[PDB]
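1. Pasting an experimental structure with its sequence.
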Number of protein chains: 2
Amino acid sequence: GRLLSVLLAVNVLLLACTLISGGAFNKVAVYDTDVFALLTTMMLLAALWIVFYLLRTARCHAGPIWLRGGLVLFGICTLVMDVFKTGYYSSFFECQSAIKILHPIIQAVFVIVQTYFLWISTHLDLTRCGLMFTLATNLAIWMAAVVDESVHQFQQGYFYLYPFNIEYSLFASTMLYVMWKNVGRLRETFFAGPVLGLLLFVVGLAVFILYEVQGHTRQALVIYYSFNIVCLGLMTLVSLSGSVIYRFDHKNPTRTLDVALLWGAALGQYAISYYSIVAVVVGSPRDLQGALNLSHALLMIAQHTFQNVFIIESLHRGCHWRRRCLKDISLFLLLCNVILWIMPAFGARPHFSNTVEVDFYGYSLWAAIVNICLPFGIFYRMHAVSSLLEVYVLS
Amino acid sequence: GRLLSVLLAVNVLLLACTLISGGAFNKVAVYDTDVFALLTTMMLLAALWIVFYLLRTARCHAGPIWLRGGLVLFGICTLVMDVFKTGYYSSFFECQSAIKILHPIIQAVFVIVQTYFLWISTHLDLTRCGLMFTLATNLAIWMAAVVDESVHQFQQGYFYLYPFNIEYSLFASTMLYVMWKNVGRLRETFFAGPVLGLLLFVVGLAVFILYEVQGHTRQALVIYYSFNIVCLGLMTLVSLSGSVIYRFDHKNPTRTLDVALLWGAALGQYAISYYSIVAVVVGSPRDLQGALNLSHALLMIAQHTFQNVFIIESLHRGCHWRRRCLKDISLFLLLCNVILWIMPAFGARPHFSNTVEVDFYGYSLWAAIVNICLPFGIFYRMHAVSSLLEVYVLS
């Protein structure tokens, strides 16, 4: 029963991916009305099954806790873009299409119905098939959203806000996959860590608002790299310091999900860093921006690796200074993970400091790379904070 | 212990993929010496671990049976290209590089050592890590080979033969993955079916030699499409006829591997057919080639679906005419699967009949699509023949 649902999802996803990639990367003309028509169709049956599932279940392990919160946060963002889309598109109908208008309406309906369904708590065969088709619907929306940014380059304001379709589809797919598996299942502070973390959070918040929400001057590029190098460098030292603390000091099983999620979600920033490193080593003239870009890219790999080691060891384990110091290390890393969570979440994907990478790969290729890998940093930062909350609670 | 090996493989693979994709799709210059240097490096540790594994095991479930045969068949092809590469590259050294020569030598060493290792039959942690790194080495070679064809467009003859690196890396990765999982494991003929299958095999063999080994005339394009439509159309009718035979007529468990492989490997031809259909519906003028291309693409989807249904039902089950007719249906499908196995195996990937798809997507994009999806048709055709051999044996 499980294999039938998996095969249905992949076959549906493959057909959707071919239509999305074929209609955008062809040489005759770029097609979006058919892509919108396909996505509007896929959400319809996905919404219909969920609506049927909700009605048939009203009379009648869970994954990360932060999944529900991130799903609602990005679902609301996906609702705002749809509301702005219909308002602008319904202003004039003689120049546009019906799908240009039915698609945001159906997506808004799909987001509302799916977000409520995933938030709340027998025919297992239909349930698995419906969930897996819903997973394929979200992954098709994720791929179309990624391709949409790649091919790029009052009207309800100016559509300055960008569609958060990549991030919501990631959270929805994870929640649907988790639920699909479960179908038929049988004080103490030195006043030095939190203070430093709060200062870095305040400084980074100013940088994000000043330069990252939206051509920028040289000082702006220096400020952004200076903060990130300091922020990532401090966690690298702090996480390393925490690891050697445990060195001076089994029966519980290995938390496979925690280790897989921490290392798995760190792959997104690894790919961005690896792409950036070769884009600096080659192309990026030897200049201040190249040195800052190379150090920042290298520090992301170091920060992700050494923070993961500290978190994994601390969870598995479960001198008066020993406990007091670990509270600040957990708290400093917790605050430093929150501040750099906003950049992959609410920052312009291509970024302004990525001139070297954009010149090396081109805007179309680099935009696709960041739009694929940066949203996975949202998963890592959210899971690191929750894991550090757990670590800080115990010891 | 299993998760550590998986994370090591993906992290190694991601670094290799970034170097391969970054060095070829950038806008400054296309780099291949570094890509060759990286691949030559990865095979070195992969070969060293295998060599160490073989020596340490001399003193001391299995997957599809056809995997070993296909691995040797394509491993030998990968040896021939390496022998021709060194011979041509060693003719002149003042204009070439050392990696241009060490890379084919190391690949030939890597292929010889790996093929013998996979053919033959405690530190499970090292064994899993070494196998998973070897899997990442082959997948990196597979991706570089696919990118190499995509970016395209006596010298030891004329290098007319193309590197069979895509097909061998697929067989090697499957065998390594299968072995990684198992580490620490606790007559009767109507004289109408075989005759038709033999005739189709003979006709298709002539078509493959005449036009598919290597600009072609209109008659050549008509002949190729005529045979494929007839061949795929006949299996569609024959497989459907076999399915309704069983309709006129449990305790054994579902053969998940057989169902997954049959449906999973059919995805490659589905993607090619789906890409072809939208490349005809749009672009391909309404002409004879468009009609033949559309029918052939649609018949591949029908042939794969209806053949899979007949094979899956027949295996699970395990009137005198009832048994006699199924022998011919199994034998006709067996011979018809062999003849269309050579096209994805020994035929020019872009093909001569793919002018409509090439014009729609461009040579670079279409070559990547066929070089990714067509080799998976080799897995399906080989598994269909073995499954039909099993079906013909029982009933």
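-> Ah, there it is. Numbering: from 1, shown residues only, chains lettered A, B, ... in the order given.
2. hey, let's count contacts and neighbours off CA atoms from now on
-> Will do.
3. so who does residue A:219 touch?
-> Residue A:219 makes no contacts at all, as judged by Cα atoms under 8 Å, 6 or more residues apart in numbering or on different chains.
4. Can you name the element that comes right after the strand or helix carrying it?
-> Assigned by DSSP states H and E, residue A:219 belongs to helix A:218-247. Once the chain leaves helix A:218-247, the next helix or strand it forms, by DSSP H and E, is helix A:256-265.
5. for the longest helix seen in chain A, packing partners?
-> Longest helix in chain A by number of residues, with DSSP state H as the criterion: helix A:363-394. Under the contact criterion of 3 or more Cα pairs under 8 Å, 6 or more residues apart in numbering or on different chains; DSSP states H and E, helix A:363-394 touches helix A:66-89, helix A:124-151, helix A:165-181, helix A:256-265, helix A:267-281, helix A:288-317, helix A:320-339, helix A:342-346.
6. For that helix, buried residues please.
-> A:363-392 (16 or more other Cα atoms under 10 Å in any protein chain shown).
7. roughly how far is it from the heart of the chain?
-> Taking Cα atoms, centre = their mean, to the nearest Å, one finds helix A:363-394 lying 6 Å from the centre of the chain it belongs to.
8. Ok, stretch A:77-88 next?
-> 21 Å.
9. In contact with the nearest residue to residue A:315 once chain neighbours are set aside: list those residues for me.
-> Spatial nearest neighbour of residue A:315, chain neighbours left out: residue A:391 (6.2 Å); criterion: Cα to Cα, 6 or more residues apart in numbering or on different chains. The contact partners of residue A:391, by Cα under 8 Å, 6+ apart, come to A:311, A:314, A:315, A:318, A:330.
10. Look up how far residue A:19 lies from residue A:391.
-> For residue A:391, the distance to residue A:19 equals 46 Å [Cα to Cα, to the nearest Å].
11. returning to that earlier point: by how many degrees do the longest helix of chain A and helix A:267-281 diverge?
-> If you take axes from the mean of the first three to the mean of the last three Cα atoms, to 10 degrees, helix A:363-394 sits at 130 degrees to helix A:267-281.
12. Run through the residues that contact the closest residue to chain B within the stretch 201-350 of chain A.
-> Nearest residue of the stretch 201-350 of chain A to chain B (Cα to the nearest Cα) works out as residue A:275 at 6.1 Å. By Cα under 8 Å, 6+ apart, the residues touching residue A:275 are A:357, B:18, B:19, B:22.
13. With distance to residue B:84 added, can I get these in JSON lines?
-> Formatted as JSON lines, the contacts of residue A:275 follow (distance: Cα to Cα, whole Å):
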{"residue": "A:357", "distance to residue B:84": "38"}
{"residue": "B:18", "distance to residue B:84": "29"}
{"residue": "B:19", "distance to residue B:84": "26"}
{"residue": "B:22", "distance to residue B:84": "28"}
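14. Let me see the contact set for residue A:361.
-> A:279, B:22, B:25, B:26, B:27, B:28.
15. What is the neighbour count of the first one?
-> Think residue A:279. If you count neighbours by other Cα atoms under 10 Å in any protein chain shown, residue A:279 ends up with 24.
16. Look up how far residue A:273 lies from it.
-> For residue A:279, the distance to residue A:273 - Cα to Cα - is 10 Å.
17. again with residue A:230
-> 17 Å.
18. who has more neighbours, those two?
-> residue A:273 (23 against 14).
19. quick one: residue A:100 and chain B, what's the gap?
-> Remark: distance between residue A:100 and chain B (Cα to the nearest Cα, to the nearest Å) = 21 Å.
20. Which strands or helices does the helix or strand that residue falls within pack on?
-> Using DSSP H and E, residue A:100 falls within helix A:99-119. Where contact means 3+ Cα pairs under 8 Å, 6+ apart, helix A:99-119 is packed against helix A:33-58, helix A:66-89, helix A:165-181.
21. just those helices: most buried one?
-> Mean neighbour count (mean count of other Cα atoms under 10 Å in any protein chain shown) peaks for helix A:165-181 among those, with a mean of 22.
22. residues making contact with the very next helix or strand once past that helix?
-> For helix A:165-181, the following helix or strand on the C-terminal side (DSSP H and E) is helix A:193-207. Residues outside helix A:193-207 that contact it (Cα under 8 Å, 6+ apart) are A:223-224, A:227, A:231, A:328-329, A:331-333, A:335-336, A:338-340.
23. mind redoing it with 10 Å?
-> Under the contact criterion Cα atoms under 10 Å, 6 or more residues apart in numbering or on different chains, helix A:193-207 has outside partners A:210, A:212-213, A:220, A:223-224, A:227-228, A:230-231, A:234-235, A:238, A:325-340, A:342-343.
24. tell me the contacts of residue A:383?
-> Per Cα under 10 Å, 6+ apart, neighbours of residue A:383: A:64, A:65, A:66, A:67, A:258, A:261, A:262, A:265, A:337, A:377, A:389.
25. Could you check which residue of the stretch 251-395 of chain A lies nearest chain B?
-> Nearest residue of the stretch 251-395 of chain A to chain B (Cα to the nearest Cα) works out as residue A:361 at 4.4 Å.
26. do you know how far that residue is from residue A:42?
-> 33 Å.
27. Would you format the helices and strands packed on helix A:99-119 as TSV with distance to residue B:88 included?
-> As requested, these are exported to TSV (distance: least, Cα to Cα, whole Å):
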stretch	distance to residue B:88
helix A:33-58	48
helix A:66-89	57
helix A:165-181	49
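28. for these, which one sits closest to chain B?
-> helix A:33-58 (10.8 Å).
29. tilt between the closest one and helix A:124-151?
-> Using the same axes, to 10 degrees: helix A:33-58 against helix A:124-151 is 150 degrees.
30. Figure out how far helix A:33-58 is from the centre of its chain.
-> 24 Å.
31. now stretch A:273-289
-> 25 Å.
32. ends of that stretch, how far apart?
-> Distance between the two ends of stretch A:273-289: 15 Å, counting by Cα to Cα.
33. And it, what's buried?
-> A:273, A:274, A:275, A:276, A:277, A:278, A:279, A:280, A:283, A:284, A:289.
34. ditto for stretch A:204-219
-> A:204, A:205, A:207, A:208, A:211, A:212.
35. what do you get for stretch A:317-332?
-> A:325, A:326, A:327, A:328, A:329, A:330, A:331, A:332.
36. is chain B contacted by it?
-> No: counting by Cα under 10 Å from any Cα of the partner chain, chain B is not contacted by stretch A:317-332; separation bottoms out at 17.7 Å.
37. Show me how far that stretch is from its chain's centre.
-> Worked out by Cα atoms, centre = their mean, stretch A:317-332 lies 29 Å from the chain centre.
38. Likewise for stretch A:23-39?
-> So, by Cα atoms, centre = their mean, the centroid of stretch A:23-39 is 26 Å from its chain's centroid.
39. first to last residue in it, what's the distance?
-> 13 Å.
40. That stretch close to chain B?
-> Yes: judged by Cα under 10 Å from any Cα, stretch A:23-39 and chain B are in contact via A:23, A:24, A:25, A:26, A:27, A:28, A:29.
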